[PDB]
Undergrad: 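Provided herewith is a single structure, encoded as structure tokens, for subsequent inquiry.
So that the names make sense, note that chain A is the first sequence line, chain B the second, and so on, each numbered from 1.
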Amino acid sequence: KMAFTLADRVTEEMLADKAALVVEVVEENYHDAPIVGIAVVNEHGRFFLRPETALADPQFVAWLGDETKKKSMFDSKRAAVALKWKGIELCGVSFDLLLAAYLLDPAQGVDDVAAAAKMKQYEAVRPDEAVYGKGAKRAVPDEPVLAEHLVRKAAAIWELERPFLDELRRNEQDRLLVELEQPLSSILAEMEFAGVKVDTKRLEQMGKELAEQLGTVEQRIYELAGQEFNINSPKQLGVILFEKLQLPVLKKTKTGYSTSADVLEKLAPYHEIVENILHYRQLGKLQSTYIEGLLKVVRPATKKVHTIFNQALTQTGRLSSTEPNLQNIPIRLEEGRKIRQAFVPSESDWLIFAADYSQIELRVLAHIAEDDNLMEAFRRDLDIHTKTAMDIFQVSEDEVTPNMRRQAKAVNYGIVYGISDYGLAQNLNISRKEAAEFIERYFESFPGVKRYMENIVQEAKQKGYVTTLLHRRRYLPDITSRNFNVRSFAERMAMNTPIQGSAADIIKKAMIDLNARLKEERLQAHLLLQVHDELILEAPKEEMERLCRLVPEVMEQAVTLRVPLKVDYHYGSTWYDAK
DNA sequence: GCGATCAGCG
DNA sequence: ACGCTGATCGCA
Ligand SMILES: [Ca+2]
């Protein structure tokens, strides 16, 4: 029901200088994944190509790599990365429908071309799921069925660029797509393909040391409990703590006794088993997720792990990292921080370089709220967390511990993002009136923050959405719900999303500007990871001194706010040493 | 599959 | 009853 040429060879008219292009990779994780078909739509027609002959034809490969041949796509990173694993370069992508849909409305959950096409009442295309199936029934269909799906996806992209660009323009989101998210998409593709080298000897070692330590605390738990049970079973553990040992019940969940670490922490005066259970879980988490989990996904030939940075998932514009998640590698406790010693440079005589923004969201907030005292604090390069730790624990700066700072840090963000006296009282372990008094006092010093929280909630009611500094948008329909709980959650999104989303916008512009600077200085240094406000590179050790002056500067100059941006940086033989 | 839990980001 | 995530695992 849609005409196309099912072609056996490439022909000149498939190589127009503007085209819609589908390079279909069905596997969720596209690293080293099969390309199952190709589709091209342009002014001359609609063409399906088998990847065997199209990716071995030199004129088509040259066309893919030619930045003056403009391609419209959906999820161009997925194609770019799977082609890099075939040794082929994709350039010249000028429209990515996925990033366009994500900017217009992140809550859509746009997972394929059909979902995006629905936003514009376009439905001559099927959902990817209706064509490939789900779970164990997933399959590439017969070639005539596959080719019409890929052609229909390309025809949709061909038709939907224009209405998507015009609504982005009306939203002021068009330079955000073309100058931020699409260039970033090429950079993430490079980072994902490059990968991070892992020392599997050091990892496999730590695991054996953990298996020993697990059993020791495991046996001390069974002895302290006076019996053995399934320590990971909330059923049995609940029975042990709150029925056998008859510990106080401080919280329930929808299924029973809560055993979350905040609970166990408040039970430590009552019994010694609770602290051992905490130690057990911690060691189990390192064993399950970071030792075993990491070793699963290392490619054994190269010893590299290849994350996937999801660019159209978070409702604020942050990235997320999947399989492995490289944005939540342990750092806080010393035992878990050692996992970062396994993250090593990919060549000999190279180093890891890490640079990160200091309190990026409070600096964004100070700029957006224009709060006099908060701006003055950052113009003095104050460390708000340490100052807040002093005011909390009535200690002096010399006697503020990283433990004390971590708590003060959660107080600083919590207050500006709407924590209640109740929640603050439970975090500090202080009275509910003291918590409320602490909060009202905090807003005495920063009344501009308070006005901002009120104004942005009112502006979300009137407009229906909040925006960030580079015009990312999040719709908040629940801001007017009559249900109190639902409306509250939406008001706290209004306070948080513009701030966190603007921090994401800043780091994303930093990565683009940093890649340009690296190129024109002709350094081999390249990006490996982004961790929300932190950039990790690897580079030949003789580039380190230059990078110490280049990366801080590029990050500090990404945007210009009414307070300075502060960047801290380290380098070393491993990711662990780069702090 | 879901949700409680915990690792990270602020 | 601060916000944004992803992985693991028991399932009450
Ligand atoms: Ca930081």
Undergrad: Side chain of A:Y257 only, heavy atoms from C-beta on: which candidate in B:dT5, C:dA12, B:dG10 is closest?
TA: C:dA12
Undergrad: Using whole Å, what does the distance between atom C1' of nucleotide C:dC2 and atom CZ of A:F489 come to?
TA: 10 Å
Undergrad: Looking at C:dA12, C:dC2, C:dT5, which one has an atom nearest to any side-chain atom of A:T255?
TA: C:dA12
Undergrad: When the distance from CG of A:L237 to P of C:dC9 is rounded to whole Å, what number comes out?
TA: 17 Å
Undergrad: I need the minimum non-hydrogen distance between A:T314 and A:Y102, along with the two atoms involved.
TA: O-OH, 2.7 Å
Undergrad: If I take atom CG in residue A:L424 and atom P in nucleotide C:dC2, what distance separates them, rounded to the nearest angstrom?
TA: 9 Å
Undergrad: Looking at the side chain of A:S260, which of C:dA1, B:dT5, C:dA7 is the nearest nucleotide?
TA: B:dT5
Undergrad: Report which part of the nucleic acid A:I360 touches: base, sugar-phosphate, or nothing (heavy-atom distance under 4.0 Å, all strands).
TA: sugar-phosphate
Undergrad: Between B:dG10, C:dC11, C:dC2, which nucleotide gets closest to the side-chain atoms of A:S233?
TA: C:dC11
Undergrad: Do A:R472 and A:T467 touch side chain to side chain, with heavy atoms closer than 4.5 Å?
TA: no
Undergrad: Examine B:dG8 and say whether its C1'-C2'-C3'-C4' torsion places the sugar north (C3'-endo side) or south (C2'-endo side).
TA: north
Undergrad: Check for me: is A:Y290 stacked on B:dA7 by the 5.5 Å centroid and 30° plane-angle rule?
TA: no
Undergrad: Salt bridge (charged side-chain N to carboxylate O under 4.0 Å, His left out) between A:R220 and A:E275: does it pass, once the steps are laid out?
TA: CA-CA 11 Å; A:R220 184 157 142 79; A:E275 333 176 55; over 6 Å; no
Undergrad: Report yes if at least one side-chain N or O of A:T316 is closer than 4.0 Å to OP1 or OP2 of C:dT5; otherwise report no.
TA: no
Undergrad: Could you tell me whether A:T259 contacts a base, only the sugar-phosphate backbone, or nothing, with contacts defined as non-hydrogen atoms closer than 4.0 Å?
TA: sugar-phosphate
Undergrad: Would you mind telling me which of A:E27, A:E28, A:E129 makes a salt bridge (charged side-chain N to carboxylate O under 4.0 Å, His left out) with A:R138?
TA: A:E28
Undergrad: Of the options C:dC4, C:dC2, C:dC11, whose atoms approach the side-chain atoms of A:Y413 most closely?
TA: C:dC2
Undergrad: Check the phosphate of C:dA1 against A:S488, side-chain N and O only, distance under 4.0 Å to OP1 or OP2. Yes or no?
TA: no
Undergrad: For A:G423, which contact category applies under a 4.0 Å heavy-atom criterion: base, sugar-phosphate, or nothing?
TA: sugar-phosphate
Undergrad: Once you round it to whole Å, what is the distance between P of B:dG8 and CG of A:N310?
TA: 20 Å
Undergrad: Reckon A:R492 has a side-chain N or O less than 4.0 Å from the OP1 or OP2 of C:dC2?
TA: no
Undergrad: B:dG3 phosphate, OP1 or OP2: any side-chain N/O from A:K252 under 4.0 angstrom?
TA: no
Undergrad: Taking the six-membered ring for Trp, are A:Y571 and A:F353 parallel (under 30°), tilted (30 to 60°) or perpendicular (over 60°)?
TA: parallel
Undergrad: Looking at C:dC9, I'd like to know if its phosphate oxygens (OP1 or OP2) sit under 4.0 Å from a side-chain N or O belonging to A:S288.
TA: yes
Undergrad: Classify A:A261 by what it touches in the nucleic acid, base, sugar-phosphate, or nothing, heavy-atom distance under 4.0 Å.
TA: sugar-phosphate
Undergrad: With the side chain of A:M493 defined as its heavy atoms from C-beta on, choose the nearest nucleotide among B:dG10, C:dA12, C:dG3.
TA: C:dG3
Undergrad: When we call it a touch if two heavy atoms are under 4.0 Å apart, what does A:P330 touch: a base, just sugar-phosphate, or nothing?
TA: sugar-phosphate
Undergrad: Given C:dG6, C:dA7, C:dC11, identify the nucleotide with an atom nearest to the side chain of A:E323.
TA: C:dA7
Undergrad: Less than 3.5 Å between a donor and an acceptor, one on the side chain of A:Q327 and one on the base of B:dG8, is that the case here?
TA: no
Undergrad: From C-beta outward on A:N325, which listed nucleotide comes closest to its side chain: B:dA4, C:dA7, B:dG10?
TA: C:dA7
Undergrad: May I ask you to evaluate whether A:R318 reaches the phosphate of C:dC4, defined as a side-chain N or O under 4.0 Å from OP1 or OP2?
TA: no
Undergrad: In whole Å, I'd like the distance from the CD1 atom of A:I329 to the P atom of B:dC6.
TA: 18 Å
Undergrad: Looking at A:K409, I'd like to know whether one of its side-chain N or O atoms comes within less than 4.0 Å of OP1 or OP2 on B:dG10.
TA: yes
Undergrad: Does B:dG8 have OP1 or OP2 under 4.0 Å away from a side-chain N or O of A:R332?
TA: yes
Undergrad: Between B:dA4, C:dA1, B:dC6, which nucleotide has the shortest distance from any of its atoms to the side chain of A:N485?
TA: C:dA1
Undergrad: Measure the acute angle between the ring planes of A:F193 and A:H306, then classify it against the limits of 30° and 60° as parallel, tilted or perpendicular.
TA: tilted
Undergrad: When you check the sign of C1'-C2'-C3'-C4' for B:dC2, do you get north or south?
TA: south
Undergrad: So if I take every side-chain heavy atom of A:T289 and compare against C:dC11, C:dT8, C:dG3, which nucleotide ends up nearest?
TA: C:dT8
Undergrad: Atom NZ of A:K296 to atom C1' of C:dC9: distance rounded to whole Å?
TA: 11 Å
Undergrad: Would you please confirm or rule out a distance under 4.0 Å between OP1 or OP2 of C:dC4 and any side-chain N or O of A:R474?
TA: yes
Undergrad: How many whole angstroms separate atom CG of A:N232 from atom P of C:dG10?
TA: 5 Å
Undergrad: OP1 or OP2 of C:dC4 less than 4.0 angstrom from a side-chain nitrogen or oxygen of A:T314, does that happen here?
TA: no
Undergrad: Using a strict 4.0 Å threshold on nitrogen-to-oxygen distance, state whether A:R202 and A:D199 make a salt bridge.
TA: no
Undergrad: Of all the heavy-atom pairs spanning A:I339 and A:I329, show the shortest one and how long it is.
TA: CG2-CG2, 4.3 Å
Undergrad: Specify the separation, in whole Å, of atom OH of A:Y357 and atom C1' of B:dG10.
TA: 14 Å
